[PDB]
Amino acid sequence: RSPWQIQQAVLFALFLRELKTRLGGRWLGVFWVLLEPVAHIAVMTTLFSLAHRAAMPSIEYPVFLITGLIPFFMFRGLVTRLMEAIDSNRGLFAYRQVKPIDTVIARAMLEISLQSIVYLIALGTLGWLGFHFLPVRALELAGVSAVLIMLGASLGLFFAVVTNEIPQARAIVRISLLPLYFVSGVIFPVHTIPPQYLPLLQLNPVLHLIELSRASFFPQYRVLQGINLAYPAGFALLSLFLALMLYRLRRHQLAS
Amino acid sequence: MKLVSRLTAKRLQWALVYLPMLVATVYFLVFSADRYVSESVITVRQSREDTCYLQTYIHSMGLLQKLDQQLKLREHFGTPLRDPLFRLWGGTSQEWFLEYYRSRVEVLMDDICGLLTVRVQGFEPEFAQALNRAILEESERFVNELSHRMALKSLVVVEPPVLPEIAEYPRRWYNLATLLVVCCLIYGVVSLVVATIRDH
Amino acid sequence: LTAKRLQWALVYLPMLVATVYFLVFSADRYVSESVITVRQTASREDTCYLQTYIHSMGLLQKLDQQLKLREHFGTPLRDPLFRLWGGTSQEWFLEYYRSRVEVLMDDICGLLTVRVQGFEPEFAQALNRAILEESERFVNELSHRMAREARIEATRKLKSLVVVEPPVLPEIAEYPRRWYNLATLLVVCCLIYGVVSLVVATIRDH
Amino acid sequence: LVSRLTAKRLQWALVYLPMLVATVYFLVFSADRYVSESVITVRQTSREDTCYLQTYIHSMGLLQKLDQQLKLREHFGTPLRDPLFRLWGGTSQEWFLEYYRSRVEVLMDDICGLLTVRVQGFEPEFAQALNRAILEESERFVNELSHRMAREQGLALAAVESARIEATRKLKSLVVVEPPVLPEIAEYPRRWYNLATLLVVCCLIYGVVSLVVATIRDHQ
Amino acid sequence: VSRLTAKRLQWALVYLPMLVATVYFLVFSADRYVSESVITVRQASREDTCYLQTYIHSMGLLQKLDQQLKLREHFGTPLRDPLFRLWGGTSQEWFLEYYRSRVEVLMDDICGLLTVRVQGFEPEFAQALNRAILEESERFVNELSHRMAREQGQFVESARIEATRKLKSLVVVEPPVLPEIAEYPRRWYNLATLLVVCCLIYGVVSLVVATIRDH
Amino acid sequence: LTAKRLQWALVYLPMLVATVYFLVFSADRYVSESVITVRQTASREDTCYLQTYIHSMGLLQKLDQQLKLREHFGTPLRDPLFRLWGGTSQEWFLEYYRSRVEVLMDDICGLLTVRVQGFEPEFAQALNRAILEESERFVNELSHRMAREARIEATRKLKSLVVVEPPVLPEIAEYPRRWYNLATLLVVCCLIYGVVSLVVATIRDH
Amino acid sequence: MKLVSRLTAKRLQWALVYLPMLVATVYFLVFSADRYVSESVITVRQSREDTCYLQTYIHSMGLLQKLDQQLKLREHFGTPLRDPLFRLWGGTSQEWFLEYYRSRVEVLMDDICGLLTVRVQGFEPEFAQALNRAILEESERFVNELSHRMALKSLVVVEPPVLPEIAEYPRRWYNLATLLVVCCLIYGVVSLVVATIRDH
């Protein structure tokens, strides 16, 4: 019994366990996880169409909004479901050959698969409406998406390990995520905000990731200065190292 | 239920990974044909309306008929018999000819200068440069005729069409790499779905 | 008695009738496309008047006097859905004409594109040309009536119609794009089947 | 085979191999790249003319003129010890254009509309000369673009006189805020900063990999 | 080997940098006086003010100021401060970086006023450098306008009356001042920042060394 | 040994020293307030110049030559916190003057309000009047220098200072509003006590 | 904690509901004094800067000194000896006089018209109308003087000051009702908090 084999078996078990819980009992979760993006699409199209037309006459609103909204939804889902993974299956650690990290990575892969399915469905329904869906540079987009996924999973694991035995922290990080919806500039193009507050907004790694994903997805998309991938990449690597180290230090204390 | 139980990993691997790689490699390294690109950057000056009219006119049908009369695009694009995908098959419809031509010449526009860049593809570099030059000349004649028909303005060529040395669009290694990434992601997702429906 | 019977009905039967209609009964309609705009000697008002005027009733009466659209659109006996049935109301005729002629504005650049359907390519080209000529006559006649309240101004060419792309003569018919409609109908019927099956399971559970 | 990967092999490969390769390349094989910086803008007697210049600096026609004038292909192939930032002989025109676009960096300041051109060369004199040639050719291009319409323009004698004065006049001249500078030392090959950053990144990557390996191993 | 890290690690990594920094900032540091002036350009003025903002930090202005005031010999005087002084033989690029660090230009978008703060090792030298900067900037805007007008008019009365006048003038809201106490360096703020970063670094290495020590 | 001792210290002792300083040692400072604006014969740039110039160093030197602010602000020996100590630096003197003279812009209506503190009401009024006169002289002198590059223009009154409210002569001193400061300090010390008590309980629990 | 449980209910009831209402009813029904109001609506025309200057000038100190010289506001406002709160006590400071005057005259201006309305309070209706008229006349003289000092413009009176018949500001019943609401809410919150601290 190699450790990889039992790890894969428990991951598949834990994975389908998270699936059953997250998806509806009547096989209906696809309905709401497809309804969440379209409502935001409708309200932002009915609220900011002419503003985007005044912004730039080059890229239409639906595809530009989807290509930033779906990665942000994946990031927020990764953080939220990852930080609550350990304090949701406390009765599961009674059996041996299981660890909290198995639960957190099962939730991570479930969220990744669900959001990938939603992204593919949105791209298909966008191409069915005569829009532009094919990425011009797909490899850079894949790399940016991988970096964003790693950053989100790392932040979720860090919040899961750090905020054990204090649920109240999980209460406040949600209110830290609401302004991040508007700070990241996913809805409106960042080219319109004046530079007077740009240097404070360049410290958001997801902002850099979203602009780089849009640049790699669209042909002839202008990226402003200081949107290098180096800063979010280093942020993700450092946070992942810190979270893995903190989990390794507080290993036996985590499972109880 | 019985057919999804008959299915295993190895047949899924062969039907999703190795066979697409075999056909893609066979097509790219043997069947593909080089497509040289000529790039030009122009604007219209005595005015976003004028370059908007120009951008609509480049992909129009009358310009396509004029260029077909001049340089015989249909005869040129049917030459690469080796490539079945990017060649213009003889006896095809007028609408497919227009779609093929619109795919071949790509027109882009920036919002903060109004500069209009055109990239014309061709199977011979001299033909690509000639097609770009003919497009520019016809555009200049069109805007001058539009000015004269009302009863002044001339085209400014920031960058005249280049003569390419090597083709750039039929990229094989980058396409193979992104196909590998997409195929791996699709296999992983569909294998997770197969595993979770089989367990049910 | 839903079982698989409602699945069989709501999936196969609309799909079966749609396939047997599109693959045999449907008649293809050629399309002539032109792109125009209005310029002086601001200009967006002339284009918006043209957009309202092309889908009007007086222009339809003029075109019926000219080319007899009513007798042309009743030609294909094979197609019973896209054929203008003989002896119909004027309102239904106007709705049919508005469905067969599509006018799209592009917000920037002030360009109005007209796509005219017809059961013959030459007829579609002729109809589009007649529409363009009558639109130019209309935008001239408005300024003529304005200046006829003097005689020097009321006879000139105050407004000219700029034709970026003249109407084209199609070789094959773009519509009715049967495969796209079949795929869309299959997808939507699958969605209705899913929601109906789930609500039926919920009802029968109670 | 998770047990096949030991701590010694992971250490050796992941840390020492890229660090040794980078150290050898940066301290033995890398070549200096001096950079000359100039700051310009174009004034009449707007934004359109300077963004036209921004497009034109990277254009292929300017590259052909500069290659005729200064023999860029011969100069950019001299450093033989550096195989990464040298222009290999017998390369395509497209690769030559990409190399030229990489060696010349153009930054636009939109709050003031100022164009900063930084030109890299393997000698300070060559970088300064290339920047001077770029500035001169940009001014000549703007002048010719303005002159072309008035040249194509040509009672009637008044129209002829107006056409000739418009064609002969010097309409748009770019002013220089900072003329090209002759550098003293090369600044773009940053050996120590790159080496320290790569060392830190490799250490973090090894730590992450080792922790993941230990977590995988903890399933007995 | 790993069984040698203890409270002594905290001792070294925290208090040794604190002692070194305190010793350097308390006696070995050199006083740096600051002279402040506030100017603007007036007979489009935003364009000229932005031109000046770019021109202050330019290399040509630095060369002119070196030829006029000998900045190299002045900035190399405090031999007791090896960190904030300009070493002999320092290259031109490092000299430009040092000059850009020693001169601060602040732009305010609302009122359109340009603030110049010049650091010198003597109270008189800071004011002299500020005055030289102001005079050179006024000469620069005048020379730019004159050169444009003359190159246009070398092709007539308008040209020769616009090529010799004073089209551009510098409005000095606050003339350069003469300090008497060194504003810089901020010893206590720098010590607090170094203490915070040393505490964070110590915490990081403490958790790392707790992780590796776990077998 | 926190117990109630840290509560007693961090609450009473700052409160005790603040009360014994404000109720006895503090010296009240009278305030003269005026409201002005700059009009021609656009105008916001002159008021921006005035806002920058009032808190400058050359104007401070002029006012020190005129009214000797340094000897006036060192008068109250009783107050050791708000008194300008003798033999201080010019930079500290400038910061003290900037603290004792407050200039506020109102964004709409283009109004600049100046409030000048002083240990005598007549001195505060005189200082505000001198500030207003020197500001008018400065905005005139800028245009004089502008026109001295002809001689007819360089002698006129190109800019005039409109005084909506002239400086007033206070009867009583508004500052230092001891009760407000005491209440604010009590509230903030209570907040620090609460957070310190929570963190001390957390630390001692471990 | 011994006295914490000693607040019980009836002591809290008394000291938080009935005594404040006893003193409020006693003050309003006996001690209060009527304050008549005169309302005017003016604008300045040949211009938001001008009515901005006027709005600043109404509450200024120089206008207060001019009005005190003209109509003797300090003598008038000290008459209601019965009301100790809204009367101007003799021998008070200049700053308190300015604050009292600024409380007595309320200046308002709509943003979509620029109309400036003033409401002047006084213990006699004729005095309130006279104060409003003097304010208007001094404002007109001020804007004319400001125009003349540079070397044209006149005030437009949409609604001249009225002569009130009855006072309107010392509303006794509405104040008693809002005191009822506020007192009940303060009771409820403080009683819940005393219950939870006592239970601890």
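None of the figures in this text is laboratory data; all of them are computed from the coordinates on show. Cβ: placed from backbone, ideal geometry, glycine included. Neighbour counts: every protein chain shown.
If you take the residues in segment C:99-130 that are out of contact with any helix residue (DSSP H, G or I) (no Cβ under 9 Å at 6 or more places or on another chain) and not in a strand (DSSP E or B), which one is farthest from the other protein chains (Cβ to nearest Cβ)?
C:99
If residue F:199 satisfies all but one of (1) surrounded by 16 or more Cβ atoms within 10 Å (Cβ to Cβ); (2) more than 14 Å from chain G (Cβ to nearest Cβ), what's the number of the condition it fails?
It fails just one condition, (1).
Could you please let me know if residue A:206 is away from every other protein chain (no Cβ under 12 Å) and more than 20 Å from residue A:56 (Cβ to Cβ)?
So residue A:206 passes the test.
When you check residue B:92 against the structure, is it outside any helix (DSSP H, G or I), of a type outside the set (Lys, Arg), more than 14 Å from chain C (Cβ to nearest Cβ) and out of contact with any strand residue (DSSP E or B) (no Cβ under 8 Å at 6 or more places or on another chain), yes or no?
Answer is no for this residue.
Name the helices (runs of 4 or more DSSP H) wholly inside segment A:1-103 in which the number of residues that are exposed (fewer than 15 other Cβ atoms within 10 Å of the Cβ) is 2 or more.
In segment A:1-103, A:3-22, A:29-55 are the helices (runs of 4 or more DSSP H) which contain 2 or more residues that are exposed (fewer than 15 other Cβ atoms within 10 Å of the Cβ).
Which of the residues spanning segment B:102-128 are farther than 28 Å from residue A:222 by Cβ, away from every other protein chain (no Cβ under 11 Å) and not small (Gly, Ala, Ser)?
Within segment B:102-128, B:123, B:124, B:126, B:127 qualify.
I'm trying to understand the selection: among the residues of segment A:108-155, which are on the phi < 0 side of the Ramachandran plot and not in a helix (DSSP H, G or I)?
Of everything in segment A:108-155, those that are on the phi < 0 side of the Ramachandran plot and not in a helix (DSSP H, G or I) turn out to be A:128, A:129, A:131, A:132, A:133, A:134, A:135, A:136, A:137.
Just to be sure before I move on: is residue D:20 outside any strand (DSSP E or B) and within 30 Å of residue D:210 (Cα to Cα) in the structure I sent?
yes
Just the residues that are of a type in the set (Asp, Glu), away from chain E (no Cβ under 14 Å) and either surrounded by 18 or more Cβ atoms within 10 Å (Cβ to Cβ) or part of a helix (DSSP H, G or I) (or both), please, taken from segment F:15-59.
F:33, the sole residue that qualifies.
Identify the single condition in (1) within 12 Å of chain B (Cβ to nearest Cβ); (2) in contact with a helix residue (DSSP H, G or I) (Cβ under 7 Å, 6 or more places away or on another chain) that residue C:175 does not satisfy, given that it satisfies every other one.
Exception for residue C:175: condition (2).
Going through segment B:60-84 one residue at a time, which ones are crowded, with 16+ Cβ neighbours inside 10 Å and at positive phi?
none
Residues to consider are D:135, D:80; find the one that is away from chain E (no Cβ under 14 Å), assigned to a helix (DSSP H, G or I) and over 28 Å from residue B:37 (Cβ atoms).
That would be D:135, the only listed residue that is away from chain E (no Cβ under 14 Å), assigned to a helix (DSSP H, G or I) and over 28 Å from residue B:37 (Cβ atoms).
Can you name every residue in segment B:47-64 that is more than 9 Å from chain C (Cβ to nearest Cβ) and part of a helix (DSSP H, G or I)?
B:50, B:54, B:58, B:64
Give the residues of segment B:155-196 that are surrounded by 14 or more Cβ atoms within 10 Å (Cβ to Cβ), away from chain D (no Cβ under 14 Å), more than 22 Å from the chain's Cα centre (by Cα) and β-branched (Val, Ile, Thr), sorted by residue number.
B:181, B:186, B:189, B:194, B:196
Tally time: how many residues in segment G:1-22 are surrounded by 11 or more Cβ atoms within 10 Å (Cβ to Cβ) and over 20 Å from residue G:180 (Cα atoms)?
Adding up the residues that qualify gives 1.
Say we look at segment E:13-46 and pick out the residues that are hydroxyl-bearing (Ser, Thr, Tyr) and under 18 Å from residue E:119 (Cα atoms); which of these is farthest from the other protein chains (Cβ to nearest Cβ)?
Step by step, filter segment E:13-46, then rank; the result is E:29.
Under 7 Å between Cβ atoms, at least 6 apart or on separate chains: pull out the pairs that start in segment D:160-171 with a residue that is outside any helix (DSSP H, G or I) and end on any residue that is surrounded by 14 or more Cβ atoms within 10 Å (Cβ to Cβ) and of a type in the set (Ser, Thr, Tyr).
Within 7 Å, the pairs are D:171/D:146.
Quick one: how many residues across segment G:95-125 are over 17 Å from the mean Cα position of the chain (by Cα) and within 26 Å of residue F:121 (Cα to Cα)?
0
For (1) within 14 Å of chain B (Cβ to nearest Cβ); (2) closer than 28 Å to residue A:217 by Cα; (3) of a type in the set (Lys, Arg), each residue gets a yes or a no:
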| site | (1), (2), (3) |
| --- | --- |
| A:106 | yes, no, no |
| A:113 | yes, yes, no |
| A:127 | no, yes, no |
| A:132 | yes, yes, no |
| A:149 | yes, yes, no |
| A:169 | no, no, no |
| A:176 | no, no, no |
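Just the residues that are under 15 Å from the mean Cα position of the chain (by Cα), surrounded by 13 or more Cβ atoms within 10 Å (Cβ to Cβ) and either in a loop (DSSP other than H, G, I, E, B) or among the β-branched types (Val, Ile, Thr) (or both), please, taken from segment C:60-91.
Once the filter is applied, which keeps residues that are under 15 Å from the mean Cα position of the chain (by Cα), surrounded by 13 or more Cβ atoms within 10 Å (Cβ to Cβ) and either in a loop (DSSP other than H, G, I, E, B) or among the β-branched types (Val, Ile, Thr) (or both), segment C:60-91 yields C:82, C:83, C:84.
Identify, please: which residue in segment C:146-187 is part of a loop (DSSP other than H, G, I, E, B) and more than 22 Å from the chain's Cα centre (by Cα) and is, among those, surrounded by the most Cβ atoms within 10 Å (Cβ to Cβ)?
Restricting to residues being part of a loop (DSSP other than H, G, I, E, B) and more than 22 Å from the chain's Cα centre (by Cα), the top hit is C:158.
Taking segment E:55-81 only, how many residues are closer than 19 Å to residue D:180 by Cβ and among the acidic types (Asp, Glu)?
Adding up the residues that qualify gives 1.
Which of (1) in contact with a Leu (Cβ under 7 Å, 6 or more places away or on another chain); (2) surrounded by 14 or more Cβ atoms within 10 Å (Cβ to Cβ); (3) of a type in the set (A, V, I, L, M, F, W, C); (4) over 30 Å from residue E:84 (Cα atoms) does residue E:210 not meet, given it meets every other one?
Condition not satisfied by residue E:210: (2).
Picking from B:92, B:43, B:25, which residue would you name as being more than 20 Å from the chain's Cα centre (by Cα) and surrounded by fewer than 19 Cβ atoms within 10 Å (Cβ to Cβ)?
B:25
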